[PDB]
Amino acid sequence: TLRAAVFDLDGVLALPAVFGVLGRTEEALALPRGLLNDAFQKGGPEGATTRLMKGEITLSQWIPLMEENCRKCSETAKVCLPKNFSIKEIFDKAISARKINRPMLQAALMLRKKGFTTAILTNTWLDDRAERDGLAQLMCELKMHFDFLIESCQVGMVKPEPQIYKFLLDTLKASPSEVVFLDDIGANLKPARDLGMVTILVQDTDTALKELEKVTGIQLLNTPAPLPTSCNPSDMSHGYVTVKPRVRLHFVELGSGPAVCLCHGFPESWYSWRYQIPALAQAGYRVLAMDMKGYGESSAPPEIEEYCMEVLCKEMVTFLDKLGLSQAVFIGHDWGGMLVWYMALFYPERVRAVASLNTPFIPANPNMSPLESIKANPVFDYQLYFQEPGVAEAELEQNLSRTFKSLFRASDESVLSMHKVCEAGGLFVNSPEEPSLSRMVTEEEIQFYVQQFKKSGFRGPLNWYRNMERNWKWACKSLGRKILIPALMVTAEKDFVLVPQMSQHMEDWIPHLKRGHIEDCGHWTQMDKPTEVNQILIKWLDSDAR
C-alpha cells in the first residue's frame, strides 16, 4: 500500500542538524538555555527566519537580522553576549560540519530500488556566503538519488504550513495514506499526520530505521553493503572531438578538477567504467571515459595500421590538444593499459600520472619477434587466432548476445578455454549456445554492449592485435628510458591471461612504482570488484596525482 517516502534534509539525511548547533553554542558560551533558539524563531511567520526559508531574502541578508534578534533576546534575559560573538562564524561551522547520514541515504536508495518514489522536502535558504560551494556539493550528491527535491526557498512555502504538504502530494501524484514522512521536528509531522500520512519522528537513526522497516515490510537495517552508484548512459554529457579527418573520438564526461582519462580494453566500451565514473568525480576529479578508436561512437576505420600503438598514442595527444588540456592522468585496463604505459614512455610531459589495471609494462625484446613470444605461452593462443582478418570477426559477430554473455564472467563462472583455440577451430566451439547470465552483470548491461557492437562490429577492436611487429619496432626506441613519473600497477589475482606474476620485474623500469592487488578478482576488474578498484584509485590519486 505504501509507495512513497519523503525525507527531511537537516537532522534526517544530513547530521548534525544545523538547528542543534544553537543548543551546543549556548552550552559552550555559557549563555542562558534556549537564548539562540528564541532569537532564531523571533517573530514567527512574520520573522526574519520565515522570510529566509520562503526565499524572500538570502542567507547573507538574514545574518545581521539574526544578530539584532540575539541582542533583543539578551536584553530581556538580563545577560550579555561575548565580545567575539558572530552569527556568521557559528553558521559557517555548523553548515561545514553537516555530513550525509549514510545509513539513512542507504535506506532511501533501497526503498527506491524496491519501487518507491523518494523525495526530499526541506526548509532551506538561498545561500550566497563565500563558502556556499560546500552546500552546493552536498545538494548535488544527494539530489541524484531522489526523484524529487522540494526546497522551501524555491516554492515560497515552509513547513509546517499545510499548503506545502498539499503541494508535496500533488508533485508525488499520491494520496496521503500511500506516503511515509520522516522528520526530526515534531511540529512538522503534525500536518502530515492530519492528512493521513504515516509519520516517523527521527530522534536517532537506528530507531527511525526500525520503524521504517516495520511500516514498509522491507529490510533496511543489517542489509549487505550496496554496489557503488552506476551511470545511466542517457544522463551523461557526451563529447566528440575530431582528431584527424576520418577519426572522431567519443567520450563521456563528469566532474571538475584534474583531468582523468579512462582507457578501456578489448572488447569493451566507456561503459566498462560505469562504477568508477561517479566515484572519481565525487572524489574531486574531472573524468573523461573514452570509447577507444574502433569502438562504440568513436570512428572505426578498417585499415589495420590505423590501430598500431604509435598512431593511437599520437591521436590521444591530439585529443588533449583539441580539448586544451596540457596534462591528464591516464588510467587503462587491458589494451588501454598497454596504451597508457606507452603514453608515459613517449609523451611524459602530457601525463600527470599513469595507472594500469591487470596489464603489466613489459619491455620489447630486440632479439625476439613478439609473434614468437606469444607462441611460447599457451594462454595467449587466442591472439594467434585473432591474426587472420575476417576469421575471429565472423565468430564474434555471429551472435552478439552469446559473445558478451560468454566473455563477461567471474573467475569461477568461466565457460571458455583460452588455450588450444586455434586447434579447436574457434573460441566458442565447446561453449553453450545459451550461456547463463553471470552474477557480475545484468541483462540490461549486456544489451548496452550488444547495441554498441551492432554499429561497427569487431574489425576495429581486433585490429589492435594485428600490429605486433609495428608495435615491437616502435617500442624498441624506448629501451633506454625509465618511467619516472607517478605510476600505479593494480594486479588481479584470478586473471589467468594477465597473471600478477607477469608484473614482478616492473620495478627495474619504474623504480618508484606503487602497487595494488585485488583478491578473488578476474580479468574484468572494474565490474568484478568495483568498490575495491575505486578505493585503490582514489587513494592513489589523492596522494600521487594531486
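Just so we're on the same page, rigid core means the largest C-alpha set that superposes within 1.5 Å between forms. Don't overthink the numbering: it's just position in the shown sequence, from 1.
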- Which is farther from the shown form in 8 other deposited structures of this protein in C-alpha RMS with the core fitted, 407 to 415 or 181 to 189? 407 to 415
- Note on the structure: Comparing 426 to 434 to 272 to 280 by root mean square Cα deviation from the shown form in 8 other deposited structures of this protein, core aligned, the larger deviation is found at 426 to 434
- Looking only at CA atoms, which has the higher mean B factor in the entry: 246 to 254 or 395 to 403? 395 to 403
- Task: Name the higher of the two by mean Cα B-factor in the PDB entry, 419 to 427 versus 272 to 280.
- Result: 419 to 427
- Query: Going by the entry, which of 171, 123, 447, 359 has the most elevated CA B factor?
  - Reply: 171
- Message: Looking at the C-alpha B-factor values in the deposited entry, which of 130, 468, 80, 340 comes out highest?
- Response: 80
- In terms of the chain's CA B-factor thirds, is residue 491 lowest, middle or highest? lowest
- Item | Within-chain third of residue 522 by Cα B-factor, per the entry | lowest
- Item | residue 88, C-alpha B-factor rank within chain (lowest, middle or highest third) | highest
- Tertile call for residue 314 (CA temperature factor, within chain, third-based) is the lowest
- In terms of its chain's C-alpha B-factors, the third that includes residue 72 is the highest
